[PDB]
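J.: Can you read through this structure? Questions will come right after.
In this analysis, Cβ positions are derived from the backbone assuming ideal geometry, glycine residues included, and neighbour counts consider all displayed protein chains. Numbers and lists here come from the model and the stated rules, or from a named source; these are not laboratory values.
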Amino acid sequence: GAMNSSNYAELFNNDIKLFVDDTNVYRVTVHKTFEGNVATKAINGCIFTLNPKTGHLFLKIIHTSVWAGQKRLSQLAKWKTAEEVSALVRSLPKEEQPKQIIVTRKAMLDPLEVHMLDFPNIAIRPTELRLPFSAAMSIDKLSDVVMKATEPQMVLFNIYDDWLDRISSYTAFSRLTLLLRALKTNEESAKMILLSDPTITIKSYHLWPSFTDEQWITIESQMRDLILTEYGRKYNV
Amino acid sequence: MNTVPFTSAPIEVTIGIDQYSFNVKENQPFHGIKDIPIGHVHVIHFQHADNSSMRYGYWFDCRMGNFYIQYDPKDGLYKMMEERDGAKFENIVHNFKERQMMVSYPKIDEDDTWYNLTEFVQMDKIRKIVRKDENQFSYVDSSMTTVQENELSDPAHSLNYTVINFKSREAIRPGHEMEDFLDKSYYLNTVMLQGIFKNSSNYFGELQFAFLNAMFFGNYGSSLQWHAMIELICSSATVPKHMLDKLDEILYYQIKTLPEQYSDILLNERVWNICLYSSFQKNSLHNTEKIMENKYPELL
Ligand SMILES: O=C(CCOc1ccccc1)NO
(Lines give C-alpha, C1' and ligand atoms only; values in the text may rest on other atoms or scores of the structure.)
Protein backbone atom coordinates (compact mmCIF):
# COMPACT_ATOMS: atom_id res chain seq x y z
CA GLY A 1 0.00 0.00 0.00
CA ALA A 2 0.86 3.70 0.02
CA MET A 3 3.73 5.17 2.00
CA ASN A 4 2.74 7.91 4.46
CA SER A 5 3.43 9.48 7.86
CA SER A 6 2.32 6.34 9.69
CA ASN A 7 4.73 3.82 8.12
CA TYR A 8 7.65 6.25 7.82
CA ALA A 9 10.25 4.20 9.72
CA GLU A 10 9.92 1.39 7.17
CA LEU A 11 12.28 3.46 4.99
CA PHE A 12 15.17 2.69 7.34
CA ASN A 13 14.69 -1.01 7.92
CA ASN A 14 16.93 -3.57 6.26
CA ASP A 15 14.69 -4.43 3.29
CA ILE A 16 16.29 -2.81 0.24
CA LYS A 17 14.11 -0.12 -1.30
CA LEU A 18 14.40 2.73 -3.76
CA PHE A 19 12.56 5.98 -4.19
CA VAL A 20 12.13 7.02 -7.84
CA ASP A 21 11.40 10.63 -8.68
CA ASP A 22 10.65 11.52 -12.33
CA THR A 23 10.02 15.25 -11.92
CA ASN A 24 13.28 16.30 -13.62
CA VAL A 25 13.26 13.74 -16.44
CA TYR A 26 11.60 15.91 -19.13
CA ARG A 27 12.65 19.56 -18.74
CA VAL A 28 11.96 22.44 -21.12
CA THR A 29 12.38 26.14 -21.64
CA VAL A 30 9.31 27.80 -23.17
CA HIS A 31 10.07 30.60 -25.65
CA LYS A 32 8.63 32.74 -28.44
CA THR A 33 9.16 31.92 -32.12
CA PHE A 34 9.99 34.48 -34.79
CA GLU A 35 6.35 34.22 -35.88
CA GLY A 36 5.35 35.04 -32.31
CA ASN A 37 4.20 31.50 -31.50
CA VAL A 38 5.37 29.50 -28.51
CA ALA A 39 7.76 26.57 -28.65
CA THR A 40 9.64 24.42 -26.20
CA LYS A 41 13.31 23.49 -26.21
CA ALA A 42 14.22 20.45 -24.15
CA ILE A 43 17.21 20.52 -21.82
CA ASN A 44 18.97 17.60 -20.19
CA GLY A 45 17.15 15.90 -17.35
CA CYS A 46 17.65 13.15 -14.82
CA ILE A 47 15.95 10.30 -13.00
CA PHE A 48 16.44 10.57 -9.23
CA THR A 49 16.65 7.04 -7.78
CA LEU A 50 17.59 6.96 -4.13
CA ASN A 51 18.20 4.29 -1.47
CA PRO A 52 17.02 6.15 1.66
CA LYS A 53 18.87 3.78 4.01
CA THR A 54 22.34 4.08 2.46
CA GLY A 55 22.21 7.46 0.63
CA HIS A 56 23.06 5.65 -2.63
CA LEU A 57 21.87 7.97 -5.47
CA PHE A 58 21.85 6.30 -8.97
CA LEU A 59 21.48 9.48 -11.11
CA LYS A 60 20.51 8.55 -14.70
CA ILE A 61 21.09 11.54 -16.93
CA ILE A 62 18.42 11.92 -19.64
CA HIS A 63 20.04 13.54 -22.68
CA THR A 64 17.83 15.69 -24.93
CA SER A 65 18.53 13.35 -27.87
CA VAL A 66 16.19 10.76 -26.35
CA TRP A 67 13.25 13.08 -27.21
CA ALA A 68 14.14 13.61 -30.89
CA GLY A 69 11.28 12.72 -33.21
CA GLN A 70 9.01 11.66 -30.38
CA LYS A 71 5.46 12.80 -29.60
CA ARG A 72 3.62 13.22 -26.29
CA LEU A 73 6.85 13.73 -24.42
CA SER A 74 5.40 14.12 -20.93
CA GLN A 75 3.81 10.68 -21.34
CA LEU A 76 6.92 9.18 -22.90
CA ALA A 77 9.00 10.53 -20.01
CA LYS A 78 7.16 8.33 -17.52
CA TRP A 79 7.74 5.23 -19.69
CA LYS A 80 11.40 6.20 -20.28
CA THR A 81 11.79 6.50 -16.49
CA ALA A 82 10.30 3.07 -15.95
CA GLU A 83 12.48 1.59 -18.73
CA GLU A 84 15.64 2.97 -17.11
CA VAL A 85 14.66 1.91 -13.57
CA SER A 86 13.93 -1.60 -14.87
CA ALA A 87 17.32 -1.64 -16.63
CA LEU A 88 18.99 -0.53 -13.39
CA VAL A 89 17.37 -3.27 -11.36
CA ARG A 90 18.33 -5.91 -13.92
CA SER A 91 21.91 -4.61 -13.83
CA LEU A 92 22.20 -5.19 -10.05
CA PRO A 93 23.11 -8.51 -8.45
CA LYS A 94 20.06 -10.35 -7.12
CA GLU A 95 21.02 -9.61 -3.52
CA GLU A 96 21.17 -5.87 -4.33
CA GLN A 97 17.84 -5.61 -6.14
CA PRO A 98 15.15 -3.72 -4.22
CA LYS A 99 12.22 -5.44 -2.56
CA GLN A 100 10.12 -2.29 -3.03
CA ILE A 101 10.24 0.72 -5.38
CA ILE A 102 8.38 3.80 -4.07
CA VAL A 103 7.40 6.31 -6.79
CA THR A 104 6.95 9.91 -5.78
CA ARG A 105 4.16 10.51 -8.36
CA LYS A 106 1.21 8.17 -8.87
CA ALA A 107 1.40 8.46 -12.63
CA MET A 108 4.59 6.36 -12.49
CA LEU A 109 2.77 3.33 -11.08
CA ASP A 110 1.45 1.76 -14.26
CA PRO A 111 4.56 2.46 -16.37
CA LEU A 112 6.83 0.96 -13.71
CA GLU A 113 4.52 -1.98 -12.98
CA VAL A 114 4.47 -2.92 -16.68
CA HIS A 115 8.22 -2.63 -17.10
CA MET A 116 8.78 -4.75 -13.98
CA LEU A 117 6.48 -7.67 -14.87
CA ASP A 118 9.56 -9.91 -14.87
CA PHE A 119 9.92 -8.99 -11.15
CA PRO A 120 6.59 -9.98 -9.57
CA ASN A 121 8.15 -10.01 -6.09
CA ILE A 122 9.20 -6.32 -6.25
CA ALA A 123 6.42 -4.18 -4.80
CA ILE A 124 5.69 -0.93 -6.65
CA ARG A 125 4.25 1.58 -4.17
CA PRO A 126 2.98 5.18 -4.24
CA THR A 127 3.38 7.64 -1.39
CA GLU A 128 1.21 10.30 0.24
CA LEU A 129 4.28 12.30 1.29
CA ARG A 130 5.01 15.52 -0.60
CA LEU A 131 8.71 14.80 -0.89
CA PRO A 132 10.97 17.57 -2.19
CA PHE A 133 13.13 15.56 -4.58
CA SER A 134 12.37 17.94 -7.45
CA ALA A 135 14.86 20.28 -5.80
CA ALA A 136 17.71 17.86 -6.61
CA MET A 137 18.68 20.10 -9.49
CA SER A 138 19.34 22.86 -6.95
CA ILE A 139 22.36 20.88 -5.75
CA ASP A 140 25.16 22.47 -7.73
CA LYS A 141 27.22 19.37 -8.45
CA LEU A 142 24.19 17.37 -9.59
CA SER A 143 22.94 20.18 -11.83
CA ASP A 144 26.47 20.56 -13.24
CA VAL A 145 26.83 16.95 -14.33
CA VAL A 146 23.35 16.87 -15.88
CA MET A 147 23.87 20.06 -17.89
CA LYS A 148 27.34 19.06 -19.13
CA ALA A 149 26.29 15.61 -20.37
CA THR A 150 26.64 15.04 -24.11
CA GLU A 151 25.20 11.49 -24.13
CA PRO A 152 23.15 9.25 -21.82
CA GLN A 153 25.10 8.62 -18.62
CA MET A 154 24.57 7.14 -15.12
CA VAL A 155 26.49 9.08 -12.34
CA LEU A 156 26.74 7.72 -8.73
CA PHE A 157 26.66 9.94 -5.59
CA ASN A 158 26.15 9.40 -1.87
CA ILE A 159 23.41 12.05 -1.20
CA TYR A 160 24.36 11.91 2.52
CA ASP A 161 28.13 12.51 2.02
CA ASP A 162 29.73 10.93 5.14
CA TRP A 163 26.86 11.76 7.47
CA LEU A 164 26.11 8.12 8.24
CA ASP A 165 29.46 7.89 10.09
CA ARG A 166 27.90 10.15 12.72
CA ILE A 167 24.09 9.96 12.41
CA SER A 168 21.48 7.33 11.62
CA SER A 169 19.69 6.99 8.28
CA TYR A 170 16.46 8.34 9.79
CA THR A 171 18.28 11.51 10.84
CA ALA A 172 20.18 11.73 7.53
CA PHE A 173 16.98 11.46 5.53
CA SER A 174 15.32 14.11 7.72
CA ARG A 175 18.28 16.44 7.12
CA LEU A 176 18.16 15.75 3.39
CA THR A 177 14.45 16.50 3.07
CA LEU A 178 14.84 19.66 5.17
CA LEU A 179 17.65 20.88 2.92
CA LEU A 180 15.71 20.04 -0.24
CA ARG A 181 12.46 21.51 1.07
CA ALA A 182 14.30 24.76 1.78
CA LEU A 183 15.92 24.84 -1.64
CA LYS A 184 12.49 24.25 -3.20
CA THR A 185 10.81 27.06 -1.25
CA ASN A 186 13.52 29.72 -1.71
CA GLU A 187 16.64 28.57 -3.57
CA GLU A 188 18.62 31.79 -3.21
CA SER A 189 18.07 32.07 0.53
CA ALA A 190 18.73 28.36 1.07
CA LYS A 191 21.98 28.55 -0.89
CA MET A 192 23.05 31.68 1.00
CA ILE A 193 22.57 29.80 4.28
CA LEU A 194 24.66 26.86 3.12
CA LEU A 195 27.65 28.86 1.85
CA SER A 196 27.63 32.08 3.94
CA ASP A 197 30.79 31.01 5.82
CA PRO A 198 33.71 30.65 3.37
CA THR A 199 35.74 28.65 5.90
CA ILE A 200 33.40 25.65 5.58
CA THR A 201 34.09 23.93 2.28
CA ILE A 202 32.60 21.10 0.21
CA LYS A 203 34.98 18.19 -0.21
CA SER A 204 35.66 17.25 -3.81
CA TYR A 205 33.63 13.90 -3.57
CA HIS A 206 30.88 15.50 -1.48
CA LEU A 207 27.77 17.42 -2.34
CA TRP A 208 27.25 19.47 0.83
CA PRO A 209 29.62 21.43 3.10
CA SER A 210 31.72 19.83 5.85
CA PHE A 211 29.75 21.11 8.84
CA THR A 212 30.55 19.97 12.32
CA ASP A 213 27.67 18.53 14.34
CA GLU A 214 27.18 21.92 15.99
CA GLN A 215 27.12 23.82 12.71
CA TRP A 216 24.57 21.36 11.30
CA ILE A 217 22.24 22.16 14.18
CA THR A 218 22.59 25.85 13.37
CA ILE A 219 22.21 25.24 9.64
CA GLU A 220 19.16 23.06 10.23
CA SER A 221 17.64 25.78 12.42
CA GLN A 222 18.19 28.39 9.72
CA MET A 223 16.47 26.17 7.14
CA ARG A 224 13.40 25.75 9.35
CA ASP A 225 13.21 29.51 9.83
CA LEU A 226 13.38 30.04 6.04
CA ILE A 227 10.60 27.54 5.42
CA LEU A 228 8.27 28.93 8.10
CA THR A 229 8.94 32.46 6.82
CA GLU A 230 8.29 31.81 3.11
CA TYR A 231 5.14 30.15 4.40
CA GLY A 232 4.21 33.52 5.91
CA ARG A 233 5.60 35.62 3.04
CA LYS A 234 3.45 33.33 0.88
CA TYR A 235 0.26 33.24 2.98
CA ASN A 236 0.85 36.53 4.86
CA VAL A 237 0.88 35.29 8.48
CA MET B 1 -40.74 -25.76 -31.70
CA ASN B 2 -39.52 -27.61 -28.58
CA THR B 3 -40.71 -28.17 -25.04
CA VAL B 4 -39.21 -28.32 -21.56
CA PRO B 5 -41.76 -30.06 -19.33
CA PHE B 6 -41.80 -29.78 -15.54
CA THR B 7 -42.61 -32.77 -13.36
CA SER B 8 -44.31 -30.39 -10.91
CA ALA B 9 -43.87 -27.05 -9.11
CA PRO B 10 -43.71 -27.81 -5.37
CA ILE B 11 -42.28 -24.45 -4.28
CA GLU B 12 -43.26 -20.91 -5.20
CA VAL B 13 -40.76 -19.59 -7.72
CA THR B 14 -40.23 -16.96 -10.38
CA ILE B 15 -39.26 -18.82 -13.56
CA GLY B 16 -37.39 -17.15 -16.37
CA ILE B 17 -36.98 -18.34 -19.92
CA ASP B 18 -34.55 -16.16 -21.86
CA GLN B 19 -35.70 -12.55 -21.28
CA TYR B 20 -39.23 -13.59 -20.17
CA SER B 21 -40.40 -14.48 -16.67
CA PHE B 22 -43.50 -15.57 -14.79
CA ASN B 23 -44.53 -16.42 -11.24
CA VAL B 24 -45.56 -19.95 -10.26
CA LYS B 25 -47.33 -20.47 -6.96
CA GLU B 26 -46.55 -23.25 -4.48
CA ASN B 27 -48.05 -26.51 -5.84
CA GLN B 28 -49.57 -24.70 -8.83
CA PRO B 29 -50.46 -27.10 -11.70
CA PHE B 30 -47.55 -26.02 -13.88
CA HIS B 31 -45.99 -28.53 -16.25
CA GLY B 32 -43.54 -26.51 -18.29
CA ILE B 33 -42.77 -24.32 -21.28
CA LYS B 34 -43.74 -25.05 -24.90
CA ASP B 35 -43.09 -23.42 -28.31
CA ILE B 36 -39.41 -22.75 -27.57
CA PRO B 37 -37.69 -21.53 -30.74
CA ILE B 38 -35.30 -23.97 -32.29
CA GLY B 39 -31.95 -22.70 -33.47
CA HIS B 40 -30.79 -20.71 -30.45
CA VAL B 41 -29.37 -21.55 -27.09
CA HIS B 42 -31.76 -20.84 -24.24
CA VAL B 43 -31.55 -20.35 -20.47
CA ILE B 44 -34.21 -21.35 -17.97
CA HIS B 45 -33.71 -19.73 -14.60
CA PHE B 46 -35.18 -19.59 -11.19
CA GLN B 47 -35.57 -17.38 -8.13
CA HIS B 48 -37.37 -18.90 -5.18
CA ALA B 49 -40.04 -16.76 -3.57
CA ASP B 50 -38.61 -17.52 -0.11
CA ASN B 51 -34.90 -16.91 -0.84
CA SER B 52 -34.12 -14.30 -3.47
CA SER B 53 -30.57 -15.35 -2.63
CA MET B 54 -29.16 -17.51 -5.43
CA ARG B 55 -30.66 -16.95 -8.82
CA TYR B 56 -29.73 -20.09 -10.74
CA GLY B 57 -30.51 -21.75 -14.06
CA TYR B 58 -29.55 -23.91 -17.03
CA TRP B 59 -28.21 -23.15 -20.51
CA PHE B 60 -29.43 -25.64 -23.09
CA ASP B 61 -30.13 -26.28 -26.80
CA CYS B 62 -33.18 -28.48 -27.47
CA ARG B 63 -31.46 -29.89 -30.56
CA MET B 64 -29.06 -31.70 -28.21
CA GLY B 65 -31.62 -33.78 -26.33
CA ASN B 66 -34.97 -33.94 -24.55
CA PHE B 67 -34.71 -32.00 -21.29
CA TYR B 68 -37.10 -31.57 -18.39
CA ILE B 69 -37.20 -29.90 -14.98
CA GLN B 70 -37.85 -31.72 -11.70
CA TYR B 71 -37.67 -30.23 -8.21
CA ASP B 72 -35.32 -32.06 -5.86
CA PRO B 73 -36.50 -31.74 -2.22
CA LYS B 74 -33.09 -32.83 -0.85
CA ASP B 75 -30.92 -30.29 -2.67
CA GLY B 76 -33.78 -27.80 -2.71
CA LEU B 77 -33.77 -26.75 -6.29
CA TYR B 78 -35.29 -27.20 -9.68
CA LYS B 79 -32.93 -29.51 -11.58
CA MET B 80 -32.65 -29.93 -15.33
CA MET B 81 -32.41 -33.54 -16.47
CA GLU B 82 -32.20 -35.38 -19.80
CA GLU B 83 -34.82 -37.99 -20.74
CA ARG B 84 -33.18 -40.64 -22.94
CA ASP B 85 -36.44 -42.52 -23.73
CA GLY B 86 -37.76 -40.47 -26.64
CA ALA B 87 -41.16 -42.18 -26.72
CA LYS B 88 -41.66 -41.66 -23.00
CA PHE B 89 -40.86 -37.96 -23.46
CA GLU B 90 -43.11 -37.30 -26.47
CA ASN B 91 -45.91 -39.04 -24.57
CA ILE B 92 -45.36 -36.94 -21.46
CA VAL B 93 -45.30 -33.69 -23.42
CA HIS B 94 -48.37 -34.56 -25.48
CA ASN B 95 -50.45 -35.24 -22.33
CA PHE B 96 -49.34 -31.94 -20.73
CA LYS B 97 -50.12 -30.01 -23.90
CA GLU B 98 -53.55 -31.63 -24.26
CA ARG B 99 -54.32 -30.59 -20.69
CA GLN B 100 -52.88 -27.10 -21.49
CA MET B 101 -50.64 -27.15 -18.43
CA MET B 102 -47.74 -25.36 -20.19
CA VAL B 103 -46.85 -21.73 -20.78
CA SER B 104 -45.99 -20.72 -24.32
CA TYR B 105 -42.62 -19.15 -25.07
CA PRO B 106 -44.06 -15.74 -25.80
CA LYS B 107 -42.06 -14.53 -28.75
CA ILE B 108 -43.39 -11.56 -30.68
CA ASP B 109 -42.88 -12.11 -34.39
CA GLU B 110 -41.20 -8.74 -35.07
CA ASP B 111 -38.86 -9.35 -32.14
CA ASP B 112 -35.21 -10.29 -32.78
CA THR B 113 -34.02 -9.51 -29.23
CA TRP B 114 -33.01 -13.00 -28.24
CA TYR B 115 -31.28 -13.73 -31.54
CA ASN B 116 -29.40 -10.45 -31.20
CA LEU B 117 -28.27 -11.27 -27.64
CA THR B 118 -27.13 -14.84 -28.49
CA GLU B 119 -25.99 -14.50 -32.15
CA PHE B 120 -22.48 -15.88 -31.50
CA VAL B 121 -23.26 -18.01 -28.42
CA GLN B 122 -22.82 -21.75 -28.97
CA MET B 123 -23.68 -24.56 -26.60
CA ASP B 124 -20.36 -26.26 -27.30
CA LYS B 125 -18.43 -23.20 -26.08
CA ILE B 126 -20.70 -22.74 -23.06
CA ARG B 127 -19.83 -26.29 -22.04
CA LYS B 128 -16.11 -25.46 -22.11
CA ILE B 129 -16.64 -22.41 -19.89
CA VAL B 130 -18.95 -24.41 -17.54
CA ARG B 131 -17.35 -27.84 -17.11
CA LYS B 132 -19.75 -30.71 -16.38
CA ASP B 133 -19.27 -33.07 -19.26
CA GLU B 134 -21.79 -35.73 -18.25
CA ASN B 135 -24.67 -33.29 -18.96
CA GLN B 136 -25.59 -31.63 -22.25
CA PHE B 137 -26.88 -28.52 -20.44
CA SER B 138 -24.97 -26.14 -18.14
CA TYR B 139 -25.79 -24.86 -14.65
CA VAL B 140 -24.89 -21.31 -13.64
CA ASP B 141 -25.75 -19.34 -10.50
CA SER B 142 -25.15 -16.00 -8.81
CA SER B 143 -22.27 -17.16 -6.59
CA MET B 144 -20.03 -19.02 -9.03
CA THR B 145 -16.58 -17.51 -9.36
CA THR B 146 -14.34 -17.30 -12.39
CA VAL B 147 -10.97 -18.97 -12.88
CA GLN B 148 -9.35 -15.53 -12.76
CA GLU B 149 -11.29 -14.64 -9.61
CA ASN B 150 -9.86 -17.83 -8.06
CA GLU B 151 -6.31 -16.76 -8.95
CA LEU B 152 -6.70 -13.53 -6.96
CA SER B 153 -12.14 -21.78 -4.40
CA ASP B 154 -13.74 -24.96 -5.82
CA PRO B 155 -12.47 -25.41 -9.41
CA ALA B 156 -15.24 -27.82 -10.49
CA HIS B 157 -17.85 -25.09 -9.92
CA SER B 158 -16.00 -22.25 -11.66
CA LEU B 159 -16.65 -20.17 -14.77
CA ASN B 160 -13.61 -20.81 -17.00
CA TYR B 161 -13.74 -17.62 -19.00
CA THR B 162 -10.64 -16.67 -20.98
CA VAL B 163 -8.28 -14.79 -18.65
CA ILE B 164 -7.69 -11.20 -19.80
CA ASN B 165 -5.19 -9.09 -17.82
CA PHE B 166 -3.79 -5.86 -19.26
CA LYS B 167 -0.72 -5.87 -16.98
CA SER B 168 0.52 -9.38 -17.74
CA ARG B 169 3.35 -10.84 -19.75
CA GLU B 170 0.75 -12.31 -22.10
CA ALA B 171 -0.48 -8.78 -22.82
CA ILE B 172 2.87 -7.00 -23.02
CA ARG B 173 5.71 -7.86 -25.44
CA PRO B 174 9.19 -7.27 -23.96
CA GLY B 175 10.52 -4.06 -25.45
CA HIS B 176 7.05 -2.86 -26.49
CA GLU B 177 5.91 -2.09 -22.93
CA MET B 178 4.52 1.39 -23.53
CA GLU B 179 3.34 0.55 -27.05
CA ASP B 180 1.43 -2.57 -26.02
CA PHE B 181 -0.05 -1.03 -22.85
CA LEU B 182 -1.42 2.09 -24.55
CA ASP B 183 -2.53 0.29 -27.80
CA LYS B 184 -3.72 -3.24 -27.08
CA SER B 185 -4.01 -4.29 -30.75
CA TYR B 186 -1.23 -6.90 -30.40
CA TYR B 187 -3.00 -8.55 -27.46
CA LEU B 188 -6.41 -8.38 -29.17
CA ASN B 189 -5.50 -9.49 -32.69
CA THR B 190 -2.49 -11.81 -32.20
CA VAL B 191 -2.76 -13.19 -28.67
CA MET B 192 -6.52 -13.43 -28.27
CA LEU B 193 -8.15 -13.51 -31.71
CA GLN B 194 -5.53 -15.46 -33.69
CA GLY B 195 -4.15 -17.42 -30.73
CA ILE B 196 -6.89 -18.29 -28.24
CA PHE B 197 -10.32 -17.61 -29.73
CA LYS B 198 -9.35 -18.38 -33.38
CA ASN B 199 -11.98 -15.97 -34.78
CA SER B 200 -14.08 -13.00 -33.74
CA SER B 201 -17.29 -15.08 -33.59
CA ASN B 202 -15.91 -17.11 -30.66
CA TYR B 203 -14.73 -13.90 -28.97
CA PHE B 204 -18.18 -12.32 -29.34
CA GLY B 205 -19.83 -15.54 -28.14
CA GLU B 206 -17.97 -15.47 -24.84
CA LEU B 207 -18.61 -11.73 -24.51
CA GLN B 208 -22.35 -12.31 -25.03
CA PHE B 209 -22.43 -15.28 -22.62
CA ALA B 210 -20.68 -13.26 -19.98
CA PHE B 211 -23.19 -10.40 -20.29
CA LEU B 212 -26.13 -12.79 -20.06
CA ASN B 213 -24.80 -14.47 -16.90
CA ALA B 214 -24.22 -11.03 -15.38
CA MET B 215 -27.75 -9.92 -16.28
CA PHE B 216 -29.69 -13.04 -15.43
CA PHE B 217 -27.81 -14.22 -12.33
CA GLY B 218 -26.08 -11.05 -11.11
CA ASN B 219 -22.83 -12.97 -11.50
CA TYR B 220 -20.12 -10.44 -10.65
CA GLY B 221 -17.27 -12.35 -12.24
CA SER B 222 -19.17 -12.50 -15.48
CA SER B 223 -19.75 -8.75 -15.40
CA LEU B 224 -15.99 -8.27 -14.98
CA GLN B 225 -15.37 -10.53 -18.00
CA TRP B 226 -17.91 -8.70 -20.21
CA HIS B 227 -16.32 -5.33 -19.42
CA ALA B 228 -12.81 -6.63 -19.95
CA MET B 229 -13.65 -7.95 -23.38
CA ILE B 230 -15.24 -4.66 -24.36
CA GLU B 231 -12.31 -2.68 -23.05
CA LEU B 232 -9.76 -4.84 -24.89
CA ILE B 233 -11.45 -3.93 -28.20
CA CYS B 234 -11.96 -0.25 -27.44
CA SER B 235 -8.32 0.08 -26.26
CA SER B 236 -7.00 -1.34 -29.55
CA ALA B 237 -6.14 1.16 -32.29
CA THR B 238 -6.30 -1.54 -34.99
CA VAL B 239 -9.55 -3.51 -35.08
CA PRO B 240 -11.13 -5.03 -38.22
CA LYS B 241 -13.94 -2.82 -39.43
CA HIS B 242 -16.47 -5.64 -39.38
CA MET B 243 -15.72 -6.38 -35.74
CA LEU B 244 -16.38 -2.78 -34.69
CA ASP B 245 -19.66 -2.66 -36.56
CA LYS B 246 -20.72 -5.95 -35.02
CA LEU B 247 -19.60 -4.89 -31.52
CA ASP B 248 -21.78 -1.78 -31.80
CA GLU B 249 -24.80 -3.95 -32.60
CA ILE B 250 -24.00 -6.43 -29.81
CA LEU B 251 -23.67 -3.78 -27.12
CA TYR B 252 -26.69 -1.85 -28.38
CA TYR B 253 -28.94 -4.82 -27.74
CA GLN B 254 -27.35 -5.59 -24.37
CA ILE B 255 -27.88 -2.02 -23.15
CA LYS B 256 -31.38 -2.01 -24.61
CA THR B 257 -32.30 -5.19 -22.72
CA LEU B 258 -30.70 -4.34 -19.36
CA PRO B 259 -33.22 -3.65 -16.57
CA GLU B 260 -33.21 0.09 -15.97
CA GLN B 261 -33.02 -0.46 -12.21
CA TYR B 262 -29.92 -2.71 -12.39
CA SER B 263 -27.76 -0.26 -14.35
CA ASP B 264 -26.02 0.99 -11.20
CA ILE B 265 -24.42 -2.39 -10.41
CA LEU B 266 -24.09 -3.97 -13.86
CA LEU B 267 -22.34 -1.07 -15.67
CA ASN B 268 -18.80 0.03 -14.83
CA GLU B 269 -18.53 3.83 -15.15
CA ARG B 270 -14.80 3.82 -15.89
CA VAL B 271 -14.98 1.32 -18.73
CA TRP B 272 -17.97 2.93 -20.45
CA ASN B 273 -16.73 6.50 -20.19
CA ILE B 274 -13.30 5.42 -21.40
CA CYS B 275 -14.74 3.31 -24.21
CA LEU B 276 -17.21 5.90 -25.51
CA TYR B 277 -15.20 9.10 -24.94
CA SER B 278 -11.42 8.43 -24.63
CA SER B 279 -10.54 5.21 -26.42
CA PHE B 280 -9.38 4.68 -29.97
CA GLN B 281 -12.89 3.49 -30.77
CA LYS B 282 -14.65 6.46 -29.13
CA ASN B 283 -16.09 7.33 -32.56
CA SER B 284 -16.91 3.79 -33.72
CA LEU B 285 -19.90 2.79 -31.53
CA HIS B 286 -22.62 5.15 -32.76
CA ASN B 287 -25.62 3.01 -31.89
CA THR B 288 -24.28 2.07 -28.47
CA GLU B 289 -23.31 5.66 -27.63
CA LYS B 290 -26.75 6.95 -28.63
CA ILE B 291 -28.68 4.44 -26.55
CA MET B 292 -26.34 4.86 -23.56
CA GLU B 293 -26.64 8.65 -23.65
CA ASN B 294 -30.45 8.52 -23.92
CA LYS B 295 -30.99 5.79 -21.31
CA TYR B 296 -28.16 6.20 -18.76
CA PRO B 297 -26.86 9.78 -19.12
CA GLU B 298 -26.18 9.80 -15.37
CA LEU B 299 -23.54 7.08 -15.62
CA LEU B 300 -21.64 9.32 -18.03
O1 LIG C 1 31.09 4.94 -1.49
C2 LIG C 1 30.13 4.41 -0.94
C3 LIG C 1 29.57 3.04 -1.29
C4 LIG C 1 29.07 3.00 -2.74
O5 LIG C 1 28.27 4.14 -2.88
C6 LIG C 1 27.35 4.04 -3.86
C7 LIG C 1 26.77 5.21 -4.26
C8 LIG C 1 25.81 5.17 -5.22
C9 LIG C 1 25.44 3.96 -5.77
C10 LIG C 1 26.04 2.80 -5.34
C11 LIG C 1 27.01 2.83 -4.38
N12 LIG C 1 29.45 5.08 0.13
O13 LIG C 1 29.72 6.40 0.23
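Results for (1) among the basic types (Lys, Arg); (2) within 14 Å of chain B (Cβ to nearest Cβ); (3) farther than 23 Å from A:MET3 by Cβ, shown as yes or no for each residue.
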residue	(1), (2), (3)
A:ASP110	no, yes, no
A:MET116	no, yes, no
A:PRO126	no, no, no
A:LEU129	no, no, no
A:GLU151	no, no, yes
A:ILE167	no, no, no
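J.: Could you check region A:83-140 and list, in sequence order, the residues that are touching a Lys or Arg at 6+ places or on another chain (Cβ under 9 Å), within 23 Å of A:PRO152 (Cβ to Cβ) and of a type in the set (D, E, K, R)?
T.: A:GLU84, A:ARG105, A:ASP118, A:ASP140
J.: Right, something else. Residue by residue through region A:65-102, note down the ones that are of a type in the set (A, V, I, L, M, F, W, C) and either in contact with a helix residue (DSSP H, G or I) (Cβ under 6 Å, 6 or more places away or on another chain) or within 16 Å of the ligand (Cβ to nearest atom) (or both).
T.: Those that are of a type in the set (A, V, I, L, M, F, W, C) and either in contact with a helix residue (DSSP H, G or I) (Cβ under 6 Å, 6 or more places away or on another chain) or within 16 Å of the ligand (Cβ to nearest atom) (or both): A:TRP67, A:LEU73, A:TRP79, A:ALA82, A:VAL85, A:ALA87, A:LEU88, A:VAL89, A:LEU92, A:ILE101.
J.: If you check every pair at least six apart or on different chains, which have Cβ atoms under 7 Å apart with a residue in region A:44-57 that is more than 14 Å from every other protein chain (Cβ to nearest Cβ) first and a residue that is more than 9 Å from the ligand (Cβ to nearest atom) and of a type in the set (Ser, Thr, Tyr) second?
T.: Close Cβ pairs (under 7 Å, with a partner that is more than 9 Å from the ligand (Cβ to nearest atom) and of a type in the set (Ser, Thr, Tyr)) amount to A:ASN44/A:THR64; A:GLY45/A:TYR26; A:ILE47/A:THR81; A:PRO52/A:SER169; A:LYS53/A:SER169.
J.: Does any residue in region A:67-80 that is within 12 Å of chain B (Cβ to nearest Cβ) come within less than 7 Å, Cβ to Cβ, of a residue that is assigned to a helix (DSSP H, G or I) and surrounded by 10 or more Cβ atoms within 10 Å (Cβ to Cβ) six or more places away or on a different chain, and which pairs are these?
T.: Filtered contacts from region A:67-80: A:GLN70/A:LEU76; A:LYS78/A:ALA107; A:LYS78/A:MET108; A:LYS78/A:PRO111; A:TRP79/A:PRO111; A:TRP79/B:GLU177; A:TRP79/B:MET178; A:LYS80/A:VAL66.
J.: Go through region B:1-30 and count every residue that is over 27 Å from B:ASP112 (Cα atoms) and part of a loop (DSSP other than H, G, I, E, B).
T.: Of the residues in region B:1-30, 12 are over 27 Å from B:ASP112 (Cα atoms) and part of a loop (DSSP other than H, G, I, E, B).
J.: Considering (1) aliphatic (A, V, I, L, M); (2) within 15 Å of the chain's Cα centre (by Cα); (3) within 16 Å of the ligand (Cβ to nearest atom), say which one A:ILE62 fails and leave the rest.
T.: If we test A:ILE62 against (1) aliphatic (A, V, I, L, M); (2) within 15 Å of the chain's Cα centre (by Cα); (3) within 16 Å of the ligand (Cβ to nearest atom), just (3) comes out false.
J.: Considering only region A:164-178, state which residues are within 13 Å of the ligand (Cβ to nearest atom) and either out of contact with any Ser or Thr (no Cβ under 8 Å at 6 or more places or on another chain) or of a type in the set (A, V, I, L, M) (or both).
T.: Selection gives A:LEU164, A:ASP165, A:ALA172.
J.: In region A:132-147, is there at least one residue being within 15 Å of the ligand (Cβ to nearest atom), in the same structural domain as A:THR229 (by CATH) and not in a strand (DSSP E or B)?
T.: No - not one qualifying residue is present in region A:132-147.
J.: Could we say that A:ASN158 is within 16 Å of the ligand (Cβ to nearest atom), away from chain B (no Cβ under 14 Å), over 25 Å from A:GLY232 (Cα atoms) and surrounded by fewer than 19 Cβ atoms within 10 Å (Cβ to Cβ) here?
T.: So A:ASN158 fits the description; yes.
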